[PDB]
Amino acid sequence: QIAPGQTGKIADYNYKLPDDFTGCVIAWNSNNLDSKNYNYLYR
Amino acid sequence: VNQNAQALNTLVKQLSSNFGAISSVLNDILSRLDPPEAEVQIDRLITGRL
């Protein structure tokens with residue numbers, strides 16, 4: 001859902017990109033640091 | 001009078017044509033699809049209509 005014009009819980013209630021976003025999306029697996037964990041809020 | 005009236009009818013009838021879009025009606029495309037898709041379906045209808 002972290003891409004232009006997307007749909008789903010994130011892109012409709014949390015983090016929405018324009019239908020003509022200019023830039024790049026970069027991501028990595030972080031199970032090595034971020035999992036234990038229930039701090040990560042969303043709607 | 002006939003040729004002018006045939007050109008007017010042919011221009012209006014071309015609104016009901018698809019041009020490679022999913023409907024010749026504009027509100028169909030606007031309601032049944034999301035903007036990333038609907039704005040391609042209307043690039044079809046515009047590049048036909050124009």
# chains A, B, ... in the order shown; residues from 1 in each chain; ligands from 1
call {"tool": "interface_residues", "arguments": {"of": "chain A", "to": "chain B", "cutoff": "9 Å", "atoms": "only C-alpha atoms", "output": "MDAnalysis selection string"}}
result
chainID A and resid 4:6 19
call {"tool": "select_by_dssp", "arguments": {"residues": "chain B", "states": "helix (DSSP H, G or I)", "output": "ChimeraX atom specification"}}
result
/B:2-16,26-32,35-49
call {"tool": "write_last_selection", "arguments": {"atoms": "N, CA, C and O atoms", "output": "compact mmCIF listing (two decimals), in the first residue's frame"}}
result
# COMPACT_ATOMS: atom_id res chain seq x y z
N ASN B 2 -29.22 18.08 -45.54
CA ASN B 2 -28.95 16.68 -45.19
C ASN B 2 -27.53 16.48 -44.67
O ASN B 2 -27.37 15.82 -43.65
N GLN B 3 -26.50 16.99 -45.34
CA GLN B 3 -25.12 16.72 -44.93
C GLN B 3 -24.80 17.35 -43.58
O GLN B 3 -24.17 16.71 -42.74
N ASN B 4 -25.27 18.57 -43.35
CA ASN B 4 -25.10 19.23 -42.06
C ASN B 4 -25.82 18.46 -40.95
O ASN B 4 -25.26 18.25 -39.88
N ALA B 5 -27.04 17.96 -41.20
CA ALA B 5 -27.77 17.15 -40.24
C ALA B 5 -27.19 15.74 -40.02
O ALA B 5 -27.23 15.24 -38.90
N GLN B 6 -26.59 15.12 -41.03
CA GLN B 6 -25.83 13.87 -40.91
C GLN B 6 -24.54 14.05 -40.11
O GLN B 6 -24.18 13.18 -39.32
N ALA B 7 -23.83 15.16 -40.27
CA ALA B 7 -22.63 15.43 -39.50
C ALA B 7 -22.96 15.69 -38.03
O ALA B 7 -22.29 15.16 -37.15
N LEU B 8 -24.03 16.44 -37.75
CA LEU B 8 -24.51 16.62 -36.38
C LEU B 8 -24.93 15.30 -35.74
O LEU B 8 -24.44 15.00 -34.65
N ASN B 9 -25.75 14.47 -36.38
CA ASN B 9 -26.09 13.17 -35.82
C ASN B 9 -24.84 12.33 -35.61
O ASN B 9 -24.68 11.79 -34.52
N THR B 10 -23.94 12.23 -36.58
CA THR B 10 -22.74 11.38 -36.43
C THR B 10 -21.86 11.84 -35.28
O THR B 10 -21.35 11.01 -34.53
N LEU B 11 -21.73 13.15 -35.07
CA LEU B 11 -20.97 13.68 -33.94
C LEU B 11 -21.61 13.32 -32.60
O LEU B 11 -20.90 12.98 -31.65
N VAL B 12 -22.93 13.36 -32.48
CA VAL B 12 -23.63 13.00 -31.25
C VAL B 12 -23.58 11.50 -31.01
O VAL B 12 -23.29 11.07 -29.89
N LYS B 13 -23.80 10.67 -32.04
CA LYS B 13 -23.74 9.21 -31.93
C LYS B 13 -22.37 8.73 -31.46
O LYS B 13 -22.32 7.80 -30.65
N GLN B 14 -21.29 9.39 -31.85
CA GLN B 14 -19.94 9.08 -31.37
C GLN B 14 -19.75 9.25 -29.86
O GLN B 14 -18.76 8.75 -29.33
N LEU B 15 -20.67 9.86 -29.10
CA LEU B 15 -20.63 9.83 -27.63
C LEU B 15 -20.91 8.45 -27.04
O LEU B 15 -20.42 8.14 -25.96
N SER B 16 -21.69 7.62 -27.73
CA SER B 16 -22.08 6.29 -27.27
C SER B 16 -21.06 5.19 -27.62
O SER B 16 -21.25 4.03 -27.22
N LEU B 26 -19.85 8.38 -18.83
CA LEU B 26 -18.77 8.90 -18.01
C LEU B 26 -18.98 8.59 -16.51
O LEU B 26 -18.05 8.15 -15.84
N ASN B 27 -20.19 8.75 -15.98
CA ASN B 27 -20.46 8.46 -14.57
C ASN B 27 -20.31 6.98 -14.20
O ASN B 27 -19.86 6.68 -13.09
N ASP B 28 -20.55 6.05 -15.12
CA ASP B 28 -20.17 4.64 -14.94
C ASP B 28 -18.70 4.56 -14.57
O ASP B 28 -18.36 4.05 -13.51
N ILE B 29 -17.82 5.11 -15.41
CA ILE B 29 -16.38 5.00 -15.20
C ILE B 29 -15.96 5.67 -13.89
O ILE B 29 -15.14 5.13 -13.16
N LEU B 30 -16.55 6.82 -13.57
CA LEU B 30 -16.23 7.56 -12.35
C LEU B 30 -16.64 6.81 -11.08
O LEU B 30 -15.92 6.86 -10.08
N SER B 31 -17.79 6.13 -11.11
CA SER B 31 -18.35 5.42 -9.95
C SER B 31 -17.83 3.99 -9.79
O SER B 31 -17.47 3.58 -8.68
N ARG B 32 -17.75 3.23 -10.88
CA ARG B 32 -17.32 1.82 -10.82
C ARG B 32 -15.82 1.53 -10.64
O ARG B 32 -15.43 0.41 -10.30
N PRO B 35 -9.66 6.22 -9.12
CA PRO B 35 -8.94 7.18 -9.95
C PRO B 35 -7.69 6.69 -10.71
O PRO B 35 -7.57 7.05 -11.88
N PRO B 36 -6.78 5.86 -10.16
CA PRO B 36 -5.62 5.38 -10.92
C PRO B 36 -6.00 4.58 -12.17
O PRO B 36 -5.23 4.54 -13.14
N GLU B 37 -7.18 3.96 -12.17
CA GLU B 37 -7.74 3.18 -13.28
C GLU B 37 -8.72 4.03 -14.11
O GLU B 37 -8.62 4.10 -15.34
N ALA B 38 -9.65 4.71 -13.44
CA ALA B 38 -10.66 5.54 -14.08
C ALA B 38 -10.03 6.66 -14.92
O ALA B 38 -10.49 6.95 -16.02
N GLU B 39 -8.92 7.25 -14.47
CA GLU B 39 -8.21 8.26 -15.25
C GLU B 39 -7.47 7.72 -16.48
O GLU B 39 -7.14 8.50 -17.36
N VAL B 40 -7.25 6.40 -16.61
CA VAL B 40 -6.83 5.80 -17.89
C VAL B 40 -8.04 5.55 -18.78
O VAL B 40 -8.03 5.90 -19.96
N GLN B 41 -9.12 5.02 -18.21
CA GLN B 41 -10.36 4.80 -18.97
C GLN B 41 -10.91 6.10 -19.57
O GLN B 41 -11.45 6.09 -20.67
N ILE B 42 -10.70 7.24 -18.91
CA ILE B 42 -11.08 8.55 -19.43
C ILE B 42 -9.98 9.16 -20.33
O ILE B 42 -10.33 9.91 -21.23
N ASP B 43 -8.70 8.80 -20.22
CA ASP B 43 -7.75 9.15 -21.29
C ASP B 43 -8.13 8.46 -22.61
O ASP B 43 -7.92 9.04 -23.67
N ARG B 44 -8.80 7.32 -22.51
CA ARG B 44 -9.29 6.60 -23.68
C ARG B 44 -10.44 7.41 -24.29
O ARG B 44 -10.38 7.81 -25.45
N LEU B 45 -11.50 7.63 -23.50
CA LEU B 45 -12.65 8.41 -23.97
C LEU B 45 -12.26 9.81 -24.45
O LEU B 45 -12.84 10.28 -25.42
N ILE B 46 -11.31 10.51 -23.83
CA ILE B 46 -10.90 11.83 -24.31
C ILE B 46 -10.14 11.70 -25.63
O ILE B 46 -10.49 12.37 -26.59
N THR B 47 -9.15 10.81 -25.73
CA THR B 47 -8.38 10.69 -26.97
C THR B 47 -9.23 10.18 -28.13
O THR B 47 -8.94 10.46 -29.29
N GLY B 48 -10.34 9.50 -27.86
CA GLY B 48 -11.40 9.24 -28.83
C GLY B 48 -12.26 10.47 -29.13
O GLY B 48 -12.36 10.88 -30.29
N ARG B 49 -12.91 11.02 -28.11
CA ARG B 49 -13.81 12.16 -28.29
C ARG B 49 -13.19 13.38 -28.97
O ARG B 49 -13.80 13.98 -29.86
call {"tool": "residues_around", "arguments": {"residues": "residue 12 of chain A", "least_positions_apart": "5", "cutoff": "12 Å", "atoms": "only C-alpha atoms", "output": "PDB file with C-alpha atoms, in the first residue's frame"}}
result
ATOM      1  CA  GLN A   1       0.000   0.000   0.000  1.00  0.00           C
ATOM      2  CA  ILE A   2       3.053   2.352   0.228  1.00  0.00           C
ATOM      3  CA  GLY A   5      -3.026   5.914  -5.519  1.00  0.00           C
ATOM      4  CA  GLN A   6      -3.310   2.675  -3.407  1.00  0.00           C
ATOM      5  CA  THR A   7      -6.216   1.217  -1.351  1.00  0.00           C
ATOM      6  CA  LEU A  17       0.148   8.972  -1.571  1.00  0.00           C
ATOM      7  CA  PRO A  18      -1.226  11.188  -4.422  1.00  0.00           C
ATOM      8  CA  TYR A  42      -2.731   2.296  13.054  1.00  0.00           C
ATOM      9  CA  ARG A  43      -6.447   3.001  12.492  1.00  0.00           C
TER      10      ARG A  43
END
call {"tool": "atom_distance", "arguments": {"atom1": "atom CA of residue 25 of chain A", "atom2": "atom CA of residue 3 of chain A"}}
result
7.0 Å
